[PDB]
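Working notes, beginning with the structure itself.
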Amino acid sequence: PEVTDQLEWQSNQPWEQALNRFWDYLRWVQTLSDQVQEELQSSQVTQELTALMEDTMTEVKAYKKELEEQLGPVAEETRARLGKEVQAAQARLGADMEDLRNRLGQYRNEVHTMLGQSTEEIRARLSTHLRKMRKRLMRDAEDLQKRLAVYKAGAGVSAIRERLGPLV
């Protein structure tokens, strides 16, 4: 990924793809297979989840700043509100990712309290809770995508023509 994709319709692609890597990793975790379980005690899962969450947030932030720079003419008041809303939606998304990572840390800690033994009971509660948070994350990510779409706005053929000329 040595270059940043710059096609006009692909401006949301970097954050959404970062989000997708997060979601794929999570669907793997959700199986709670014998290999997932070990790797969760080994702190690889939460470290990797954490790298994926962070990269999502970095691409959401780059994208919001890019939209805000390509916005307008627009009333200050409305840029302020459209920004307000993106920020709020972003935050919900981060909160949901934190809850995931943190639930997985709680599970690792409960297993440490049992000296590396897991039970069916606590695996089943983890399983159930992950699914519910995964679904909440989808909803909030869809909400963030909608907030960003609204923001992509502001003001085009005129500008292009003034580059092409003939200009007098």
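The chains in the structure tokens are called A, B, ... from first to last as shown; in each chain the residues are counted from 1, and the ligands are counted from 1 in the order shown.
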Looking only at alpha helix (DSSP H) from DSSP on the backbone, list the matching residues of region 6-114 of chain A as a JSON list (two decimals) with C-alpha atoms, in the first residue's frame.
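Dumped everything to part04.json:
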```
[["chain", "number", "residue", "atom", "x", "y", "z"],
["A", 13, "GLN", "CA", -12.09, 3.62, 1.53],
["A", 14, "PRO", "CA", -9.10, 3.89, 3.79],
["A", 15, "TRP", "CA", -11.10, 4.18, 7.04],
["A", 16, "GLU", "CA", -13.65, 1.66, 6.00],
["A", 17, "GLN", "CA", -10.97, -0.91, 5.01],
["A", 18, "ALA", "CA", -9.17, -0.35, 8.33],
["A", 19, "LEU", "CA", -12.55, -1.02, 9.99],
["A", 20, "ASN", "CA", -12.94, -4.16, 7.92],
["A", 21, "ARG", "CA", -9.57, -5.57, 9.01],
["A", 22, "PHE", "CA", -10.80, -4.99, 12.60],
["A", 23, "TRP", "CA", -14.04, -6.72, 11.88],
["A", 24, "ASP", "CA", -12.42, -9.75, 10.16],
["A", 25, "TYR", "CA", -9.97, -10.22, 13.07],
["A", 26, "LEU", "CA", -13.00, -10.05, 15.42],
["A", 27, "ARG", "CA", -15.03, -12.68, 13.52],
["A", 28, "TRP", "CA", -12.07, -15.00, 13.92],
["A", 29, "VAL", "CA", -11.91, -14.21, 17.67],
["A", 30, "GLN", "CA", -15.68, -14.79, 17.96],
["A", 31, "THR", "CA", -15.22, -18.58, 17.25],
["A", 34, "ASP", "CA", -8.72, -23.68, 20.76],
["A", 35, "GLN", "CA", -6.18, -21.47, 19.00],
["A", 36, "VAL", "CA", -8.11, -18.23, 19.77],
["A", 37, "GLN", "CA", -8.14, -19.14, 23.49],
["A", 38, "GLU", "CA", -4.46, -19.65, 23.76],
["A", 39, "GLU", "CA", -3.61, -16.54, 21.85],
["A", 40, "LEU", "CA", -5.81, -14.47, 24.08],
["A", 41, "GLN", "CA", -3.86, -15.47, 27.20],
["A", 44, "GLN", "CA", -1.23, -11.12, 20.95],
["A", 45, "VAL", "CA", -4.99, -10.69, 20.39],
["A", 46, "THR", "CA", -5.55, -7.59, 22.28],
["A", 47, "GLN", "CA", -2.22, -6.06, 21.06],
["A", 48, "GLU", "CA", -3.22, -6.75, 17.43],
["A", 49, "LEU", "CA", -6.77, -5.60, 18.01],
["A", 50, "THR", "CA", -5.40, -2.52, 19.47],
["A", 51, "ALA", "CA", -3.19, -1.84, 16.40],
["A", 52, "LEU", "CA", -6.32, -2.27, 14.20],
["A", 53, "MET", "CA", -8.50, -0.04, 16.18],
["A", 54, "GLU", "CA", -5.94, 2.67, 16.27],
["A", 55, "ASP", "CA", -5.38, 2.56, 12.52],
["A", 56, "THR", "CA", -9.12, 2.84, 12.02],
["A", 57, "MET", "CA", -9.22, 5.98, 14.15],
["A", 58, "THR", "CA", -6.24, 7.49, 12.37],
["A", 59, "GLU", "CA", -7.97, 6.99, 8.97],
["A", 60, "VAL", "CA", -11.29, 8.39, 10.31],
["A", 61, "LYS", "CA", -9.42, 11.54, 11.52],
["A", 62, "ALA", "CA", -7.51, 11.96, 8.26],
["A", 63, "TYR", "CA", -10.82, 11.64, 6.40],
["A", 64, "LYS", "CA", -12.75, 14.18, 8.51],
["A", 65, "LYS", "CA", -9.94, 16.72, 8.08],
["A", 66, "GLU", "CA", -9.91, 16.06, 4.39],
["A", 67, "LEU", "CA", -13.72, 16.65, 4.10],
["A", 68, "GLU", "CA", -13.52, 19.77, 6.18],
["A", 69, "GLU", "CA", -10.79, 21.16, 3.93],
["A", 76, "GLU", "CA", -19.75, 28.45, 9.81],
["A", 77, "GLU", "CA", -22.61, 27.29, 12.00],
["A", 78, "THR", "CA", -23.34, 24.28, 9.81],
["A", 79, "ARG", "CA", -19.69, 23.18, 9.44],
["A", 80, "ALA", "CA", -19.49, 23.36, 13.17],
["A", 81, "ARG", "CA", -22.59, 21.08, 13.52],
["A", 82, "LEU", "CA", -21.71, 18.66, 10.78],
["A", 83, "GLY", "CA", -18.24, 18.36, 12.49],
["A", 84, "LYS", "CA", -20.03, 17.99, 15.99],
["A", 85, "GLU", "CA", -21.90, 15.01, 14.57],
["A", 86, "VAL", "CA", -19.04, 13.27, 12.84],
["A", 87, "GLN", "CA", -17.07, 13.62, 16.14],
["A", 88, "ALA", "CA", -19.88, 12.14, 18.16],
["A", 89, "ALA", "CA", -20.28, 9.23, 15.77],
["A", 90, "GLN", "CA", -16.53, 8.62, 15.73],
["A", 91, "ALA", "CA", -16.48, 8.57, 19.45],
["A", 92, "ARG", "CA", -19.22, 6.02, 19.60],
["A", 93, "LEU", "CA", -17.26, 3.86, 17.30],
["A", 94, "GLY", "CA", -14.10, 4.12, 19.38],
["A", 95, "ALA", "CA", -16.11, 3.44, 22.52],
["A", 96, "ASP", "CA", -17.50, 0.26, 20.98],
["A", 97, "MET", "CA", -13.95, -0.93, 19.94],
["A", 98, "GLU", "CA", -12.70, -0.21, 23.44],
["A", 99, "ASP", "CA", -15.50, -2.21, 24.92],
["A", 100, "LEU", "CA", -14.55, -5.14, 22.69],
["A", 101, "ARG", "CA", -10.84, -5.00, 23.55],
["A", 102, "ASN", "CA", -11.66, -4.46, 27.19],
["A", 103, "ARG", "CA", -14.14, -7.40, 27.38],
["A", 104, "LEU", "CA", -11.36, -9.52, 25.94],
["A", 105, "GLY", "CA", -8.96, -8.21, 28.62],
["A", 106, "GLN", "CA", -11.55, -9.06, 31.31],
["A", 107, "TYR", "CA", -11.74, -12.54, 29.92],
["A", 108, "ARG", "CA", -7.93, -12.87, 29.95],
["A", 109, "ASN", "CA", -7.91, -11.61, 33.53],
["A", 110, "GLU", "CA", -10.66, -14.08, 34.67],
["A", 111, "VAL", "CA", -8.57, -16.88, 33.12],
["A", 112, "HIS", "CA", -5.40, -15.67, 34.98],
["A", 113, "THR", "CA", -7.43, -15.83, 38.21]]
```
Checklist line | Distance of CA of residue 8 (chain A) from CA of residue 149 (chain A), expressed in Å to one decimal place | finding: 12.9 Å
